[PDB]
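Below: coords_0.cif (mmCIF, C-alpha atoms; chains and numbers go by the auth columns)
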```cif
data_my_file
loop_
_atom_site.group_PDB
_atom_site.id
_atom_site.type_symbol
_atom_site.label_atom_id
_atom_site.label_comp_id
_atom_site.label_asym_id
_atom_site.label_seq_id
_atom_site.Cartn_x
_atom_site.Cartn_y
_atom_site.Cartn_z
_atom_site.B_iso_or_equiv
_atom_site.auth_seq_id
_atom_site.auth_asym_id
ATOM 1 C CA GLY A 1 2.789 33.714 -26.459 0.00 1 A
ATOM 2 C CA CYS A 2 0.779 34.456 -23.353 0.00 2 A
ATOM 3 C CA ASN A 3 -2.462 36.264 -24.162 0.00 3 A
ATOM 4 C CA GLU A 4 -5.772 36.242 -22.309 0.00 4 A
ATOM 5 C CA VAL A 5 -9.521 36.838 -22.459 0.00 5 A
ATOM 6 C CA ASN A 6 -12.021 39.352 -21.051 0.00 6 A
ATOM 7 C CA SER A 7 -14.431 42.205 -21.460 0.00 7 A
ATOM 8 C CA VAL A 8 -13.967 43.389 -25.032 0.00 8 A
ATOM 9 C CA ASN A 9 -16.062 42.534 -28.113 0.00 9 A
ATOM 10 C CA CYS A 10 -15.028 39.134 -29.536 0.00 10 A
ATOM 11 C CA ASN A 11 -16.791 35.831 -30.146 0.00 11 A
ATOM 12 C CA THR A 12 -15.069 32.660 -28.947 0.00 12 A
ATOM 13 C CA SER A 13 -15.386 28.855 -28.693 0.00 13 A
ATOM 14 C CA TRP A 14 -14.488 27.168 -25.388 0.00 14 A
ATOM 15 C CA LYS A 15 -15.117 24.300 -22.960 0.00 15 A
ATOM 16 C CA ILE A 16 -13.560 20.969 -22.239 0.00 16 A
ATOM 17 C CA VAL A 17 -14.543 17.317 -21.763 0.00 17 A
ATOM 18 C CA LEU A 18 -14.316 14.244 -19.557 0.00 18 A
ATOM 19 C CA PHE A 19 -12.736 15.458 -16.335 0.00 19 A
ATOM 20 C CA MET A 20 -13.780 14.344 -12.852 0.00 20 A
ATOM 21 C CA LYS A 21 -17.218 13.161 -11.748 0.00 21 A
ATOM 22 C CA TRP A 22 -19.589 13.181 -8.868 0.00 22 A
ATOM 23 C CA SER A 23 -18.473 9.614 -8.465 0.00 23 A
ATOM 24 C CA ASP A 24 -14.696 9.886 -8.348 0.00 24 A
ATOM 25 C CA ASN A 25 -14.325 13.248 -6.693 0.00 25 A
ATOM 26 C CA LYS A 26 -15.020 11.958 -3.214 0.00 26 A
ATOM 27 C CA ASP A 27 -12.564 10.859 -2.167 0.00 27 A
ATOM 28 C CA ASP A 28 -9.006 9.531 -2.049 0.00 28 A
ATOM 29 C CA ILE A 29 -9.681 7.213 -4.999 0.00 29 A
ATOM 30 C CA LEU A 30 -7.012 7.467 -7.575 0.00 30 A
ATOM 31 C CA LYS A 31 -7.224 11.195 -8.165 0.00 31 A
ATOM 32 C CA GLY A 32 -6.221 10.735 -11.766 0.00 32 A
ATOM 33 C CA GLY A 33 -6.490 14.331 -12.856 0.00 33 A
ATOM 34 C CA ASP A 34 -4.545 15.346 -9.774 0.00 34 A
ATOM 35 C CA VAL A 35 -2.349 12.429 -8.802 0.00 35 A
ATOM 36 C CA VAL A 36 0.358 12.991 -6.206 0.00 36 A
ATOM 37 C CA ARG A 37 3.714 11.596 -5.234 0.00 37 A
ATOM 38 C CA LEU A 38 5.555 8.954 -7.237 0.00 38 A
ATOM 39 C CA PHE A 39 6.422 5.859 -5.298 0.00 39 A
ATOM 40 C CA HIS A 40 5.881 2.141 -5.436 0.00 40 A
ATOM 41 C CA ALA A 41 8.518 1.002 -3.056 0.00 41 A
ATOM 42 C CA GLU A 42 7.952 -0.204 0.464 0.00 42 A
ATOM 43 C CA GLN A 43 11.541 -1.123 1.246 0.00 43 A
ATOM 44 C CA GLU A 44 11.217 1.475 4.006 0.00 44 A
ATOM 45 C CA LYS A 45 11.639 3.677 0.949 0.00 45 A
ATOM 46 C CA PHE A 46 9.454 5.685 -1.416 0.00 46 A
ATOM 47 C CA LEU A 47 11.659 6.185 -4.476 0.00 47 A
ATOM 48 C CA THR A 48 11.126 8.974 -6.928 0.00 48 A
ATOM 49 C CA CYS A 49 13.419 10.563 -9.499 0.00 49 A
ATOM 50 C CA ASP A 50 15.915 13.387 -9.296 0.00 50 A
ATOM 51 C CA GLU A 51 18.672 14.798 -11.483 0.00 51 A
ATOM 52 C CA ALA B 1 -3.866 -29.732 23.597 0.00 1 B
ATOM 53 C CA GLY B 2 -4.695 -26.284 22.276 0.00 2 B
ATOM 54 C CA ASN B 3 -2.683 -25.035 25.193 0.00 3 B
ATOM 55 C CA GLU B 4 -0.883 -21.890 26.200 0.00 4 B
ATOM 56 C CA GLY B 5 1.586 -21.460 23.392 0.00 5 B
ATOM 57 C CA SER B 6 -0.864 -21.938 20.563 0.00 6 B
ATOM 58 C CA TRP B 7 -2.057 -19.118 20.491 0.00 7 B
ATOM 59 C CA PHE B 8 -0.354 -17.214 17.693 0.00 8 B
ATOM 60 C CA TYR B 9 1.979 -14.363 17.214 0.00 9 B
ATOM 61 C CA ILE B 10 -0.018 -11.305 16.309 0.00 10 B
ATOM 62 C CA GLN B 11 0.222 -11.934 12.657 0.00 11 B
ATOM 63 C CA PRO B 12 1.510 -9.640 9.924 0.00 12 B
ATOM 64 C CA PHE B 13 4.756 -7.807 9.097 0.00 13 B
ATOM 65 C CA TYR B 14 6.879 -7.028 6.038 0.00 14 B
ATOM 66 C CA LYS B 15 5.796 -3.587 4.950 0.00 15 B
ATOM 67 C CA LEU B 16 2.937 -3.835 2.484 0.00 16 B
ATOM 68 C CA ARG B 17 0.271 -4.307 4.843 0.00 17 B
ATOM 69 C CA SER B 18 -0.139 -3.121 8.407 0.00 18 B
ATOM 70 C CA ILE B 19 -2.047 -4.808 11.230 0.00 19 B
ATOM 71 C CA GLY B 20 -5.764 -4.033 11.318 0.00 20 B
ATOM 72 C CA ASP B 21 -7.105 -5.518 8.093 0.00 21 B
ATOM 73 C CA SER B 22 -7.830 -8.722 6.163 0.00 22 B
ATOM 74 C CA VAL B 23 -5.004 -10.780 4.665 0.00 23 B
ATOM 75 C CA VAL B 24 -6.347 -13.576 2.454 0.00 24 B
ATOM 76 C CA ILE B 25 -3.529 -15.235 0.499 0.00 25 B
ATOM 77 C CA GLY B 26 0.053 -14.054 0.779 0.00 26 B
ATOM 78 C CA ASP B 27 2.804 -15.139 3.155 0.00 27 B
ATOM 79 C CA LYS B 28 2.920 -14.528 6.873 0.00 28 B
ATOM 80 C CA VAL B 29 4.660 -14.391 10.209 0.00 29 B
ATOM 81 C CA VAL B 30 2.749 -17.234 11.919 0.00 30 B
ATOM 82 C CA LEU B 31 2.747 -18.441 15.549 0.00 31 B
ATOM 83 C CA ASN B 32 4.550 -17.394 18.700 0.00 32 B
ATOM 84 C CA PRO B 33 4.379 -18.886 22.157 0.00 33 B
ATOM 85 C CA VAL B 34 2.707 -16.685 24.755 0.00 34 B
ATOM 86 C CA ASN B 35 5.789 -17.637 26.694 0.00 35 B
ATOM 87 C CA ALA B 36 7.451 -15.136 24.380 0.00 36 B
ATOM 88 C CA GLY B 37 7.473 -16.695 21.795 0.00 37 B
ATOM 89 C CA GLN B 38 8.680 -15.720 18.345 0.00 38 B
ATOM 90 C CA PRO B 39 10.853 -15.535 16.251 0.00 39 B
ATOM 91 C CA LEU B 40 11.422 -18.919 14.641 0.00 40 B
ATOM 92 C CA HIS B 41 13.762 -21.471 13.084 0.00 41 B
ATOM 93 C CA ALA B 42 14.382 -22.071 9.434 0.00 42 B
ATOM 94 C CA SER B 43 17.070 -24.587 10.314 0.00 43 B
ATOM 95 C CA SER B 44 19.557 -26.851 8.605 0.00 44 B
ATOM 96 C CA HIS B 45 19.108 -29.443 11.284 0.00 45 B
ATOM 97 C CA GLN B 46 17.737 -32.988 10.970 0.00 46 B
ATOM 98 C CA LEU B 47 18.688 -36.625 11.471 0.00 47 B
ATOM 99 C CA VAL B 48 19.325 -39.870 9.674 0.00 48 B
ATOM 100 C CA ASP B 49 15.848 -41.416 9.367 0.00 49 B
ATOM 101 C CA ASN B 50 15.067 -38.803 6.746 0.00 50 B
ATOM 102 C CA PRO B 51 17.034 -36.643 4.318 0.00 51 B
#
```

For this file, write the structure as structure tokens.
Amino acid sequence: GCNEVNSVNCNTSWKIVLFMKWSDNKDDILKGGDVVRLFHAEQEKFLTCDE
Amino acid sequence: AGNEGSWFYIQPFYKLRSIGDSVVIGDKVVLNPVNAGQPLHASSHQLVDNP
């Protein structure tokens, strides 16, 4: 299933909720909605998984 | 005496935590002589008056 939405006559509900703020968005922070690379690891290493 | 050798080694290392910041409590690389002066003993070397 892979429809979409535009133009033609049809009523529809929408919208979202709690995602990002004026507070968090700038900057670095922990960009929770858009976190990047997995690693704890400081053993000269930044481990992250692979198959 | 507060003389030449004390003076400390410029004082961080490990990995966590680069020079140019505040360390409060942790564990650290301590003094060098200006005369070089680090690294340092851990030793297994003592005499009879004490264990």

*Residues of chain A within 10 Å of chain B, counting only C-alpha atoms, as a ChimeraX atom specification*: /A:41-44

*Distance query residue B:7 at most 7 Å, all atoms listed in the file, self and fewer than 5 positions along chain excluded, as a list in words*: residues 31, 33 and 34 of chain B

*Find the distance between atom CA of residue A:18 and atom CA of residue A:34 and write it in Å to one decimal.*
13.9 Å

*Point-to-point distance from atom CA of residue A:25 to atom CA of residue A:48, Å rounded to tenths*: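 So the answer is 25.8 Å.
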
*asked:* Neighbouring residues of stretch 40-45 of chain B were defined as those with any atom within 12 Å, considering only C-alpha atoms; residues of the same chain fewer than 6 positions away were excluded. Please report them as a ChimeraX atom specification.
replied: /B:9,29-33,51

Any chance you can output those residues with C-alpha atoms as a PDB file, in the coordinates of the input?
```pdb
ATOM      1  CA  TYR B   9       1.979 -14.363  17.214  1.00  0.00           C
ATOM      2  CA  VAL B  29       4.660 -14.391  10.209  1.00  0.00           C
ATOM      3  CA  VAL B  30       2.749 -17.234  11.919  1.00  0.00           C
ATOM      4  CA  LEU B  31       2.747 -18.441  15.549  1.00  0.00           C
ATOM      5  CA  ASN B  32       4.550 -17.394  18.700  1.00  0.00           C
ATOM      6  CA  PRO B  33       4.379 -18.886  22.157  1.00  0.00           C
ATOM      7  CA  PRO B  51      17.034 -36.643   4.318  1.00  0.00           C
TER       8      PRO B  51
END
```

*asked:* So the first atom is atom CA of residue B:23 and the second is atom CA of residue B:4; what is the distance between them in Å, to one decimal place?
replied: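 Between atom CA of residue B:23 and atom CA of residue B:4 the gap is 24.6 Å.
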
Which residues, written as a PDB file with C-alpha atoms, in the coordinates of the input, have at least one atom at most 7 Å from residue B:12, with all atoms listed in the file counted and residues fewer than 5 positions away on the same chain left out?
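Produced file around_26.pdb, reproduced below:
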```pdb
ATOM      1  CA  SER B  18      -0.139  -3.121   8.407  1.00  0.00           C
ATOM      2  CA  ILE B  19      -2.047  -4.808  11.230  1.00  0.00           C
ATOM      3  CA  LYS B  28       2.920 -14.528   6.873  1.00  0.00           C
ATOM      4  CA  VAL B  29       4.660 -14.391  10.209  1.00  0.00           C
TER       5      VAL B  29
END
```
